[PDB]
RNA sequence: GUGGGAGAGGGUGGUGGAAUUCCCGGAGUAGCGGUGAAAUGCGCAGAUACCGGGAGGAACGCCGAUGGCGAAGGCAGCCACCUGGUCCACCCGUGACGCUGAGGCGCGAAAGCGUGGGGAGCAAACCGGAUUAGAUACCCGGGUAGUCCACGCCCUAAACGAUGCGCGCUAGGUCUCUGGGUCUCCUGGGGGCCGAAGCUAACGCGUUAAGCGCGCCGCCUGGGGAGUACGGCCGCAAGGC
Ligand SMILES: [Mg+2]
Ligand SMILES: [Mg+2]
Ligand SMILES: [Mg+2]
Ligand SMILES: [Mg+2]
Ligand SMILES: [Mg+2]
Ligand SMILES: [Mg+2]
Ligand SMILES: [Mg+2]
Ligand SMILES: [Mg+2]
Ligand SMILES: [Mg+2]
Ligand SMILES: [Mg+2]
Ligand SMILES: [Mg+2]
Ligand SMILES: [Mg+2]
Ligand SMILES: [Mg+2]
Ligand SMILES: [Mg+2]
Ligand SMILES: [Mg+2]
Ligand SMILES: [Mg+2]
Ligand SMILES: [Mg+2]
Ligand SMILES: [Mg+2]
Ligand SMILES: [Mg+2]
Ligand SMILES: [Mg+2]
Ligand SMILES: [Mg+2]
Ligand SMILES: [Mg+2]
Ligand SMILES: [Mg+2]
Ligand SMILES: [Mg+2]
Ligand SMILES: [Mg+2]
Ligand SMILES: [Mg+2]
Ligand SMILES: [Mg+2]
Ligand SMILES: [Mg+2]
Ligand SMILES: [Mg+2]
Ligand SMILES: [Mg+2]
Ligand SMILES: [Mg+2]
Ligand SMILES: [Mg+2]
Ligand SMILES: [Mg+2]
Ligand SMILES: [Mg+2]
Ligand SMILES: [Mg+2]
Ligand SMILES: [Mg+2]
Ligand SMILES: [Mg+2]
Ligand SMILES: [Mg+2]
Ligand SMILES: [Mg+2]
Ligand SMILES: [Mg+2]
Ligand SMILES: [Mg+2]
Ligand SMILES: [Mg+2]
Ligand SMILES: [Mg+2]
């Protein structure tokens, strides 16, 4: 019920999970998907396959809104980050540009013991 | 009395009356803190590399001065009071170190 | 800080003869100038220790120069002290 | 690979107001380039860093950028 | 003395951006998180992911080094001010004014104590989840002191080069920071690596000595008992010498 047809695709990838958000060109999200959205539950949500299927689900839900062009924004590093970009390219959505936005501090905050 | 360079970046969206007013106020502020003005470069509107005060661009002025050291910090405070002034950077002057020379 | 003419005025003041930059009298004078400055800067910034070490060292130097002057010419010593306001 | 300094004239390493030059010392991202890239001497590099950071504070140069391709 | 120089050396004030958290708004559903796998936890009072705005604290990515400064502890955004140390050149002034240093006095990471602030993130204690014969431990979710600032105490440490300070003398080669020079190189001051002579129980050290010498200070005298006891001094306490 929109007719967007051009917009942003954000891929947020951690080691635990992968989530994708399709949004309009001014940043408001249209649809979204994740490892858990498709049937996976545990560790299984971090596989590159899950990332694939999540990209694909999100792109389907995009077609329903009549999406065509996508600007990809990649954040984070985890397995199937690249698999999600991959699946998204061959999804039928024709991507415009891919960009790595991963946030890094200028050293603000103490990390948990696991991260130091 | 040392040799300084006062950088001022103010709001690009000002018209002539406004800009002239902020500028005159700045002049007055220098005269008050005993800053003689050796030279002035006003480059005006330029595109900032990151947005400052929600503006993508800014208005630039540069004043080389000679003023009393003890007053300098105080001078800075005054210049920042104006809302319309987004950046004030005062810098002790240096000789032009050269490279590939 | 201490600038060139600020310093020179003192050198002239305490020099034994024209062109004397090096005598015990002059060294002590200069040292005292520095010392007093530092003491004023340590009345504020009571938390600046690294400078206080410097103070101790300058004070030491002065005392050595003075003990030497006093050992060689006692009169020059008394004179120097009277002028400077030490001890 | 040819160093940044290699293509440039006599230029002020102390000019924080000159972007047309300083831009060439930054990466695809906002980052200040290593000496391996900038060809500068120790002292040179050390000055260029200060100059860059000054310019950044003035909004004339970016603190960070985003990476294309990928 | 004059003239140059490099520097996260120190104190005060100000300012910048990234990120975390929380609050406000839009858009948007069914999960997110997390692990070896999980669960507690959080989510329909709309979370996570995305965009805009705001508040607040703490720490400064790239530069960054095998780098620099400091007597040591230790010091990293940018700016200004106040200030310590130090290197080089000129060979200008004083004329042995030197070295060391029991006691004293001062500085002294972290934790810790007192009074008052501050409190984002992390987090001893604590409260939970799962692993596993079991748990108080390693993994997971929460979490208070604390970590931050002011002032006043505490005086410890693998406070490590496990190497007291100073001066003279004894092959080089090589990488480097910082000066001066008639700048293939030379000369001075730092930082490293190999190695002459020599030293060393060996490992190793070797113009940054652990070599050859001189001066002065501190310290050792088998292991345990024990850094304990008694005593004294210091400390609000912990506790220290
Ligand atoms: Mg997971
Ligand atoms: Mg410093
Ligand atoms: Mg400081
Ligand atoms: Mg919201
Ligand atoms: Mg559930
Ligand atoms: Mg529930
Ligand atoms: Mg925000
Ligand atoms: Mg708050
Ligand atoms: Mg690094
Ligand atoms: Mg180091
Ligand atoms: Mg250390
Ligand atoms: Mg200085
Ligand atoms: Mg002579
Ligand atoms: Mg003579
Ligand atoms: Mg001594
Ligand atoms: Mg003793
Ligand atoms: Mg002693
Ligand atoms: Mg301490
Ligand atoms: Mg502490
Ligand atoms: Mg207690
Ligand atoms: Mg306290
Ligand atoms: Mg925990
Ligand atoms: Mg077990
Ligand atoms: Mg258990
Ligand atoms: Mg437990
Ligand atoms: Mg936590
Ligand atoms: Mg000995
Ligand atoms: Mg060598
Ligand atoms: Mg040299
Ligand atoms: Mg040279
Ligand atoms: Mg050397
Ligand atoms: Mg041999
Ligand atoms: Mg021997
Ligand atoms: Mg042997
Ligand atoms: Mg060796
Ligand atoms: Mg020796
Ligand atoms: Mg030995
Ligand atoms: Mg015995
Ligand atoms: Mg015994
Ligand atoms: Mg004890
Ligand atoms: Mg006792
Ligand atoms: Mg008592
Ligand atoms: Mg104890």
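Chains as they are written, first to last, in the authors' numbering: chain K, 11 to 126; chain F, 1 to 101; chain O, 2 to 88; chain R, 19 to 88. Built from N, CA and C at the ideal position, the CB exists for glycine as well.
Alpha carbon of residue 48/O to alpha carbon of residue 91/K, nearest angstrom: Here the alpha carbon of residue 48/O sits roughly 53 Å from the alpha carbon of residue 91/K.
Residue 58/K - DSSP class collapsed to helix/strand/coil: In this structure, residue 58/K counts as helix in the three-state DSSP scheme.
Cross-chain neighbours of residue 11/F in chain R, by beta carbon under 7 Å: Against chain R, the beta carbon of residue 11/F has no neighbour under 7 Å; the closest one sits roughly 13 Å away.
Complete runs of the beta strand (DSSP E) confined to the stretch 16–64 of chain F [at least 3 residues]: Listed in chain order, the beta strand (DSSP E) elements of length 3 or more contained wholly in the stretch 16–64 of chain F are 36–52.
Reference residue 54/R; option with closest CA among 24/R, 88/R, 40/R and 87/R: Minimum Cα distance to residue 54/R is reached at 24/R.
CB contact below 8 Å: residue 109/K versus chain R: Against chain R, the CB of residue 109/K has a partner CB under 8 Å away; the residue lies at that interface.
Of the residues 118/K, 87/K, 76/K and 99/K, the one placed nearest residue 57/K, counting alpha carbons only: Just measuring C-alpha positions, the residue of 118/K, 87/K, 76/K and 99/K sitting nearest residue 57/K is 87/K.
Residue 49/R versus 35/R, 33/R, 66/R and 62/R, residue with shortest Cα-Cα distance: Taking residue 49/R as reference, the option from 35/R, 33/R, 66/R and 62/R with the minimal CA-CA separation is 66/R.
Residue 107/F versus residue 59/R - alpha carbon distance: Residue numbering for chain F in the displayed model covers 1 to 101; residue 107/F lies beyond these limits and cannot be assessed.
Contacting residues, own chain, Cβ-Cβ under 6 Å from residue 43/F (five flanking each side not counted): Exclusion of the five residues before and after residue 43/F leaves 60 as the residues of its chain whose Cβ lies within less than 6 Å of its Cβ.
Minimum Cβ-Cβ distance from residue 84/K to chain R less than 8 Å: Chain R contact via Cβ: present.
Residue-level contact to chain R via CB, residue 76/F, 8 Å cutoff: Contacts with chain R at 8 Å (Cβ-Cβ) do not include residue 76/F.
Own chain partners of residue 18/F with C-beta closer than 8 Å, once the 5 adjacent residues on each side are dropped: Hits under 8 Å: 84.
Beta-carbon spacing of residue 11/O, residue 34/O below 8 Å: For residue 11/O and residue 34/O, yes; Cβs fall inside 8 Å.
Member of 76/K, 25/K and 17/K whose CA lies at the smallest distance from the CA of residue 37/K: Among 76/K, 25/K and 17/K, the Cα nearest to that of residue 37/K is on 17/K.
Reduced DSSP category for residue 22/K - H, G, I as helix; E, B as strand; rest coil: The three-state secondary structure of residue 22/K, taken from DSSP, is strand.
Residues bridged to residue 34/K [DSSP beta-bridge criterion]: Under DSSP, residue 34/K shares a beta bridge with no residue.
Neighbour flag for residue 96/F against chain R, beta carbons, 8 Å: Chain R, which has a Cβ nearer than 8 Å to the Cβ of residue 96/F, makes this yes.
7 Å Cβ cut-off: residues of chain K touching residue 85/R: Chain K residues near residue 85/R: 109 and 110.
Residues of its chain near residue 35/K, where Cβ-Cβ distance is below 7 Å and the 5 sequence neighbours each way are ignored: For residue 35/K, where only same-chain residues beyond five positions count, the Cβ hits under 7 Å are 16, 17 and 18.
Where residue 7/F falls: helix, strand or coil (DSSP): In this structure, residue 7/F counts as strand in the three-state DSSP scheme.
At least 3 beta-carbon pairs within less than 8 Å: the stretch 78–94 of chain F vs the stretch 24–34 of chain O: No, they do not touch.
Coil, strand or helix - residue 86/F by DSSP: The answer is strand: DSSP assigns residue 86/F an E or B state.
Residue 9/O - DSSP class collapsed to helix/strand/coil: The answer is helix: DSSP assigns residue 9/O an H, G or I state.
Those residues which DSSP pairs with residue 29/R across a bridge: Answer by DSSP bridge pairing, in chain order: 99/F.
Cβ pair count under 8 Å reaching 3, the stretch 40–52 of chain K against the stretch 66–86 of chain K: In the pairwise beta carbon analysis, the stretch 40–52 of chain K is classified as touching the stretch 66–86 of chain K: at least three pairs are separated by under 8 Å.
Residue from 82/R, 72/R, 42/R and 85/R whose Cα sits closest to the Cα of residue 35/R: Taking residue 35/R as reference, the option from 82/R, 72/R, 42/R and 85/R with the minimal CA-CA separation is 72/R.
Test: residue 29/R CB closer than 8 Å to a CB of chain F: Output row for residue 29/R: interface = yes.
Inter-residue Cα distance where the pair is residue 99/K and residue 108/K: Roughly 10 Å between the two C-alpha positions.
Proximal residues to residue 42/O (C-beta, below 8 Å), its chain only, five neighbours per side dropped: Cβ neighbours of residue 42/O beyond the five flanking positions: 49 and 52.
Interface positions of the stretch 58–83 of chain F facing chain R (Cβ-Cβ less than 9 Å), listed along the chain: Cβ contacts with chain R: 58, 60 and 62.
Start-to-end residues for the alpha helix (DSSP H) that takes in residue 115/K: Counting along the chain, residue 115/K falls outside any alpha helix (DSSP H), and DSSP gives it neither H nor E.
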